[PDB]
């Protein structure tokens, strides 16, 4: 008996969430899976406008009593400053729930358009392992000599032995379990003269632990190009918070698009609920036009299943299914405008809704 917390948040969160739930309830009934959903108004800019705070003070004790989070997106600069909204909701989720891994599997699905030249289709496959607790995402620092010629602004990056070690481990593992078993650590150990060399110190230190696994270390600029221009190289790519919510948009949209970009925010020791979300944001530019690609949002529930079940081949089943459901509709051509289709958001929700049965 599972319990799932669903939060559409802002913008297209409301839009793509019901079509994530939809294609999931299909497998639920279809495979005898204990999926008992719920919806929460907070973690939105409506809630913030109304209450002064992004969520109620007791959000956690609330959520702690659930198995997983199915999250939409958060942000509406029109009405709420972006830091306020991310820090006040999602950031507190990942943070106070110790979901230190943020993964973003990157792939070309049979027949997806290519914003890269003539690569064999499917010859692209890897995951991106993003530090999600610390690093360059901070609230530390402040403004000095405010409003004067001499104005200074400080921002601390904080790297610790724990967050780094643990995210570095969880990457000599997702490679310890693959065909290539290769790792590229991202760094900028020429620019940053204190943080990155350290990161490299610990990268290097834990290569000595998995001697069969093969690793290199590429400066985030080149890595970004190599990302677009030679995605066959990469198997595992491990990175700091910033070198996470970076790449995340580039990659899943290196050739394809950010509409088909899944992400997972994980607490491996299960001591807290993990959270599942697409890579994209609230996209105010597109909201209420139901044209938004819900694949990322779907792919997300799939991963929610894949992770969530653990000890069942039962839940495992559902994943592959749903990704094939994705896979068909892709080449079947029932897609959203940011991929070719003339279809709508719910259209593409209903298009997946079919294939799951047909096979």
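Numbering follows the first chain given and starts at 1.
Higher mean CA temperature factor between 265 to 273 and 192 to 200: 265 to 273, per the PDB entry. Relative to its counterpart among 81 to 89 and 171 to 179, 171 to 179 has the higher mean temperature factor, C-alpha atoms as listed in the PDB entry. Comparing the listed residues 128, 154, 164, 112, the entry records the largest Cα B-factor for 112.
When the Cα B-factors of 284, 142, 278, 122 are read from the PDB record, 122 comes out highest. When the modelled residues of the chain are ordered by their C-alpha B factor, residue 118 lands in the highest third. For residue 251, the recorded CA temperature factor ranks within the highest third of the chain's modelled residues.
When all modelled residues of the chain are sorted by CA temperature factor, residue 289 is found within the middle third. Per-chain ranking of the deposited C-alpha B factor places residue 107 in the highest third.
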